[PDB]
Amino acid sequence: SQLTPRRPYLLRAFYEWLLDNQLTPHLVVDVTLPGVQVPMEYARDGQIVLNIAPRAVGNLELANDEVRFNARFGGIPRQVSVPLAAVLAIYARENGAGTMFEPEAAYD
């Protein structure tokens, strides 16, 4: 039958590459979806950009089901959880290099 979703492997892929080019990894998420764990106030137009470069995050986790890590908003340490379903894109802050994720049935 149909295989498991690809997004997570490609995500981790681009992640490692943007860092082998010094660039800084930024994640775009859809907050209008279930399972999303972030300070909603920091979002805008049903979205939110998160910095996931090594130095700006703690205990980053790029699992196939979700993205987990700690970070600070305004300085308050806070946990974050993003369903791979709502991970819209990954890109570099410096020169926008990266990729937008293609739709897959696994994520409806």
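Throughout, we count residues from 1 along the sequence that is shown.
Stretch comparison (22-30 versus 39-47) by mean CA B-factor in the PDB entry places 39-47 on top. As the entry records it, the average C-alpha temperature factor is higher for 98-106, out of 98-106 and 4-12. When the CA B factors of the chain's modelled residues are split into thirds, the value for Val80 lands in the lowest one. In the PDB entry, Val57 places in the lowest third of its chain by CA B-factor.
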